[PDB]
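A.B. asks: This is work.cif, which holds mmCIF, C-alpha atoms:
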```cif
data_final
loop_
_atom_site.label_atom_id
_atom_site.label_comp_id
_atom_site.auth_asym_id
_atom_site.auth_seq_id
_atom_site.Cartn_x
_atom_site.Cartn_y
_atom_site.Cartn_z
CA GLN R 2 122.53 -159.34 -26.38
CA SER R 3 120.68 -156.53 -28.14
CA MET R 4 117.74 -158.05 -26.23
CA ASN R 5 119.46 -156.90 -23.03
CA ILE R 6 119.49 -153.17 -23.81
CA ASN R 7 117.25 -151.23 -21.43
CA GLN R 8 115.76 -147.76 -21.61
CA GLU R 9 118.29 -146.22 -19.23
CA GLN R 10 121.21 -147.12 -21.53
CA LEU R 11 119.52 -145.44 -24.49
CA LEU R 12 118.72 -142.32 -22.45
CA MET R 13 122.38 -142.07 -21.48
CA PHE R 14 123.54 -142.67 -25.06
CA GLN R 15 121.26 -139.84 -26.24
CA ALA R 16 122.64 -137.44 -23.62
CA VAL R 17 126.31 -138.14 -24.45
CA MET R 18 125.54 -137.73 -28.18
CA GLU R 19 123.90 -134.39 -27.39
CA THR R 20 126.21 -132.81 -24.82
CA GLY R 21 129.53 -134.11 -26.20
CA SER R 22 131.03 -135.77 -23.11
CA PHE R 23 130.31 -138.27 -20.35
CA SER R 24 130.76 -135.41 -17.89
CA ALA R 25 128.23 -133.09 -19.52
CA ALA R 26 125.76 -135.94 -20.03
CA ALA R 27 125.96 -136.89 -16.35
CA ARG R 28 125.25 -133.22 -15.55
CA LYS R 29 122.18 -133.21 -17.80
CA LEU R 30 120.61 -136.42 -16.47
CA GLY R 31 121.33 -135.92 -12.78
CA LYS R 32 123.62 -138.97 -12.76
CA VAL R 33 127.33 -139.36 -12.06
CA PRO R 34 129.97 -139.91 -14.78
CA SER R 35 130.74 -143.41 -13.50
CA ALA R 36 127.16 -144.34 -14.28
CA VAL R 37 127.26 -142.96 -17.82
CA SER R 38 130.62 -144.60 -18.62
CA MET R 39 129.53 -147.96 -17.23
CA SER R 40 126.21 -147.75 -19.11
CA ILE R 41 127.77 -146.81 -22.47
CA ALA R 42 130.36 -149.58 -22.07
CA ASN R 43 127.59 -152.10 -21.44
CA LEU R 44 125.62 -150.74 -24.41
CA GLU R 45 128.66 -151.14 -26.70
CA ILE R 46 129.06 -154.70 -25.42
CA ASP R 47 125.35 -155.49 -25.92
CA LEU R 48 125.34 -154.08 -29.48
CA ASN R 49 128.89 -155.26 -30.23
CA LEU R 50 129.44 -151.78 -31.67
CA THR R 51 132.07 -149.23 -30.74
CA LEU R 52 130.09 -146.03 -30.19
CA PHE R 53 132.77 -143.50 -29.19
CA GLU R 54 136.43 -143.22 -30.14
CA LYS R 56 140.37 -139.72 -26.67
CA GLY R 57 141.51 -139.55 -30.30
CA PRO R 62 135.01 -139.22 -30.02
CA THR R 63 131.83 -140.56 -31.74
CA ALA R 64 131.49 -143.66 -33.99
CA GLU R 65 130.45 -143.77 -37.60
CA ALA R 66 127.89 -146.28 -36.34
CA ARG R 67 126.69 -144.12 -33.42
CA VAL R 68 124.58 -142.21 -35.98
CA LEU R 69 122.29 -144.80 -34.42
CA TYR R 70 121.30 -141.81 -32.26
CA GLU R 71 118.92 -140.97 -35.09
CA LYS R 72 116.99 -144.24 -34.84
CA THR R 73 117.08 -144.17 -31.04
CA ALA R 74 115.05 -140.95 -31.17
CA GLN R 75 112.02 -142.65 -32.72
CA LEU R 76 112.22 -145.52 -30.25
CA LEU R 77 112.52 -143.06 -27.35
CA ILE R 78 109.24 -141.46 -28.44
CA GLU R 79 107.53 -144.87 -28.27
CA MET R 80 109.18 -145.86 -24.98
CA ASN R 81 107.83 -142.74 -23.26
CA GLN R 82 104.41 -143.23 -24.86
CA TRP R 83 104.43 -146.82 -23.61
CA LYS R 84 105.25 -145.64 -20.07
CA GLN R 85 102.25 -143.30 -20.07
CA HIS R 86 99.80 -145.99 -21.19
CA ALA R 87 101.24 -148.40 -18.62
CA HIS R 88 100.92 -145.89 -15.77
CA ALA R 89 97.26 -145.18 -16.66
CA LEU R 90 96.19 -148.83 -16.36
CA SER T 3 106.74 -146.39 -14.69
CA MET T 4 110.41 -147.45 -14.61
CA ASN T 5 113.12 -147.56 -17.22
CA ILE T 6 112.52 -151.27 -17.76
CA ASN T 7 113.96 -153.69 -20.23
CA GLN T 8 113.14 -155.17 -23.56
CA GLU T 9 113.57 -158.81 -22.51
CA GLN T 10 110.85 -158.33 -19.90
CA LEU T 11 108.42 -157.03 -22.51
CA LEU T 12 109.18 -159.89 -24.94
CA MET T 13 108.59 -162.32 -22.10
CA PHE T 14 105.30 -160.60 -21.22
CA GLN T 15 104.08 -160.84 -24.81
CA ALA T 16 104.95 -164.56 -25.04
CA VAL T 17 103.04 -165.39 -21.85
CA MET T 18 100.08 -163.41 -23.23
CA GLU T 19 100.31 -165.33 -26.51
CA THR T 20 101.13 -168.88 -25.27
CA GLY T 21 99.10 -168.85 -22.04
CA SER T 22 101.82 -170.22 -19.73
CA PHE T 23 105.24 -169.42 -18.27
CA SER T 24 106.82 -172.61 -19.58
CA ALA T 25 105.39 -172.35 -23.10
CA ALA T 26 106.66 -168.76 -23.14
CA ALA T 27 110.01 -170.02 -21.89
CA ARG T 28 109.97 -172.80 -24.51
CA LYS T 29 109.16 -170.34 -27.31
CA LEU T 30 111.91 -167.88 -26.33
CA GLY T 31 114.58 -170.40 -25.31
CA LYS T 32 114.55 -169.17 -21.71
CA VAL T 33 114.19 -170.83 -18.31
CA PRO T 34 110.57 -170.86 -17.02
CA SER T 35 111.43 -169.48 -13.58
CA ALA T 36 113.36 -166.68 -15.33
CA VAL T 37 110.16 -165.80 -17.23
CA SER T 38 108.06 -165.87 -14.05
CA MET T 39 110.49 -163.67 -12.11
CA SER T 40 110.74 -161.17 -14.97
CA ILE T 41 106.94 -160.91 -15.08
CA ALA T 42 106.83 -160.47 -11.30
CA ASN T 43 109.39 -157.68 -11.62
CA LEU T 44 107.17 -155.98 -14.23
CA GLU T 45 104.10 -156.31 -11.99
CA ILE T 46 106.02 -154.47 -9.24
CA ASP T 47 107.31 -151.82 -11.63
CA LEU T 48 103.76 -151.13 -12.85
CA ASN T 49 101.99 -151.72 -9.49
CA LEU T 50 99.61 -153.96 -11.46
CA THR T 51 98.56 -157.57 -11.17
CA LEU T 52 99.02 -159.00 -14.67
CA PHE T 53 98.28 -162.70 -14.11
CA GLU T 54 96.29 -164.92 -11.75
CA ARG T 55 96.41 -168.66 -11.11
CA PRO T 60 98.34 -168.21 -15.57
CA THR T 61 95.40 -166.12 -16.80
CA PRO T 62 95.76 -162.43 -17.72
CA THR T 63 93.99 -159.67 -15.87
CA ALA T 64 92.03 -157.02 -17.72
CA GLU T 65 95.01 -154.68 -17.25
CA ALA T 66 97.34 -157.21 -18.88
CA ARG T 67 95.15 -157.48 -21.99
CA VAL T 68 95.29 -153.72 -22.46
CA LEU T 69 99.02 -153.76 -21.71
CA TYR T 70 99.49 -156.36 -24.45
CA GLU T 71 97.94 -153.91 -26.92
CA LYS T 72 100.18 -150.98 -25.96
CA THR T 73 103.24 -153.25 -25.84
CA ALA T 74 102.78 -154.60 -29.38
CA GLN T 75 103.08 -151.03 -30.65
CA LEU T 76 106.36 -150.40 -28.81
CA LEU T 77 107.57 -153.80 -30.00
CA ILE T 78 107.23 -152.71 -33.64
CA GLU T 79 109.75 -149.94 -32.94
CA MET T 80 112.06 -152.01 -30.76
CA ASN T 81 112.39 -154.46 -33.65
CA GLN T 82 113.27 -151.75 -36.17
CA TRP T 83 115.92 -150.36 -33.85
CA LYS T 84 117.49 -153.80 -33.35
CA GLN T 85 117.55 -154.45 -37.09
CA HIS T 86 119.30 -151.11 -37.60
CA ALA T 87 121.75 -152.00 -34.82
CA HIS T 88 122.44 -155.51 -36.15
CA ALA T 89 123.00 -153.90 -39.58
CA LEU T 90 125.92 -151.70 -38.45
#
```
Take the structure in the file and give it back as structure tokens.
C.D. replies:
Amino acid sequence: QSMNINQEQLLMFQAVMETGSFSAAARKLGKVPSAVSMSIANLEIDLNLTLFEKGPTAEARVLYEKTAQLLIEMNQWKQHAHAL
Amino acid sequence: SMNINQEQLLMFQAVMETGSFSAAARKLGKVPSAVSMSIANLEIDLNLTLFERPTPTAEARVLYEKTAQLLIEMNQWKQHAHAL
């Protein structure tokens, strides 16, 4: 299930973390809020982790820290792959 | 390059390392035609031919090298996720 997580989900997680809402994160990434919501929901299912609390940001969603290092490598991977 | 998934990369590495779609499928507990289609999807995403008939291209061998580096980080992230 954690196998299923794609780059797009992590990019949307990082934007919500940063901008504080699904609405702001959609604004930042040029996506629509439906997309961010659906993606985060799928990410929470894949990880089996609740990432955001209307009470909103999990204890466990400090996973944004570790996602930052992986996002570096994902973008570096893309560049090597495009230059083949 | 696209925002493509981890499963696809794990599948690519197993074909590189076992030399066949079915051995890769066997190793990962996946269906062989699922492995083949995932690899085909990656070839379209990268606009690269990765295998011939399955023998890697020169581009695939270099891609294996870049992918092993990203795989180090994907593993750390998943361990951190499974730990929460």
A.B. asks: I need the residue set behind the PyMOL selection byres ((chain T) within 12 of (chain R)) for this file; please write it as a VMD selection string.
C.D. replies: chain T and resid 3 to 13 30 44 to 52 63 to 90
A.B. asks: Export, as a compact mmCIF listing (two decimals), in the frame of the given file, the selected residues with C-alpha atoms.
C.D. replies:
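Just written: again-v7.txt:
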```txt
# COMPACT_ATOMS: atom_id res chain seq x y z
CA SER T 3 106.74 -146.39 -14.69
CA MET T 4 110.41 -147.45 -14.61
CA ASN T 5 113.12 -147.56 -17.22
CA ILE T 6 112.52 -151.27 -17.76
CA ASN T 7 113.96 -153.69 -20.23
CA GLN T 8 113.14 -155.17 -23.56
CA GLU T 9 113.57 -158.81 -22.51
CA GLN T 10 110.85 -158.33 -19.90
CA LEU T 11 108.42 -157.03 -22.51
CA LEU T 12 109.18 -159.89 -24.94
CA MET T 13 108.59 -162.32 -22.10
CA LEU T 30 111.91 -167.88 -26.33
CA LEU T 44 107.17 -155.98 -14.23
CA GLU T 45 104.10 -156.31 -11.99
CA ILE T 46 106.02 -154.47 -9.24
CA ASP T 47 107.31 -151.82 -11.63
CA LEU T 48 103.76 -151.13 -12.85
CA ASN T 49 101.99 -151.72 -9.49
CA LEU T 50 99.61 -153.96 -11.46
CA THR T 51 98.56 -157.57 -11.17
CA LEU T 52 99.02 -159.00 -14.67
CA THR T 63 93.99 -159.67 -15.87
CA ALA T 64 92.03 -157.02 -17.72
CA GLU T 65 95.01 -154.68 -17.25
CA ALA T 66 97.34 -157.21 -18.88
CA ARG T 67 95.15 -157.48 -21.99
CA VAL T 68 95.29 -153.72 -22.46
CA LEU T 69 99.02 -153.76 -21.71
CA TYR T 70 99.49 -156.36 -24.45
CA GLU T 71 97.94 -153.91 -26.92
CA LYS T 72 100.18 -150.98 -25.96
CA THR T 73 103.24 -153.25 -25.84
CA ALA T 74 102.78 -154.60 -29.38
CA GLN T 75 103.08 -151.03 -30.65
CA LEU T 76 106.36 -150.40 -28.81
CA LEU T 77 107.57 -153.80 -30.00
CA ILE T 78 107.23 -152.71 -33.64
CA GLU T 79 109.75 -149.94 -32.94
CA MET T 80 112.06 -152.01 -30.76
CA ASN T 81 112.39 -154.46 -33.65
CA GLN T 82 113.27 -151.75 -36.17
CA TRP T 83 115.92 -150.36 -33.85
CA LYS T 84 117.49 -153.80 -33.35
CA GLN T 85 117.55 -154.45 -37.09
CA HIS T 86 119.30 -151.11 -37.60
CA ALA T 87 121.75 -152.00 -34.82
CA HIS T 88 122.44 -155.51 -36.15
CA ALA T 89 123.00 -153.90 -39.58
CA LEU T 90 125.92 -151.70 -38.45
```
A.B. asks: Figure out the distance between atom CA of residue 40 of chain R and atom CA of residue 38 of chain T, please, to one decimal in Å.
C.D. replies: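 Between atom CA of residue 38 of chain T and atom CA of residue 40 of chain R the gap is 26.1 Å.
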A.B. asks: For residue 36 of chain R, which of R:63, R:52, R:14, R:70 is the closest residue, counting only C-alpha atoms?
C.D. replies: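 Once distances to residue 36 of chain R are computed over only C-alpha atoms, the minimum belongs to R:14.
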A.B. asks: If we count all atoms listed in the file and set the cut-off at 8 Å, which residues sit around residue 34 of chain T, ignoring sequence neighbours fewer than 4 positions away in its own chain? Please answer as a list in words.
C.D. replies: residues 23, 24, 26, 27, 28 and 38 of chain T
A.B. asks: List every protein, DNA or RNA residue that has an atom no more than 10 Å from (128.3, -146.3, -22.6) in the file's coordinate frame, counting all atoms listed in the file, and report them as a list in words.
C.D. replies: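 Result, sorted by chain then residue number: residues 10, 11, 13, 14, 17, 23, 35, 36, 37, 38, 39, 40, 41, 42, 43, 44, 45, 46, 51, 52 and 53 of chain R.
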A.B. asks: Which value, in Å to one decimal, gives the distance between atom CA of residue 33 of chain T and atom CA of residue 15 of chain T?
C.D. replies: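 Between atom CA of residue 33 of chain T and atom CA of residue 15 of chain T the gap works out to 15.6 Å.
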A.B. asks: Could you check how far atom CA of residue 32 of chain R sits from atom CA of residue 42 of chain T, in Å to one decimal?
C.D. replies: 27.3 Å
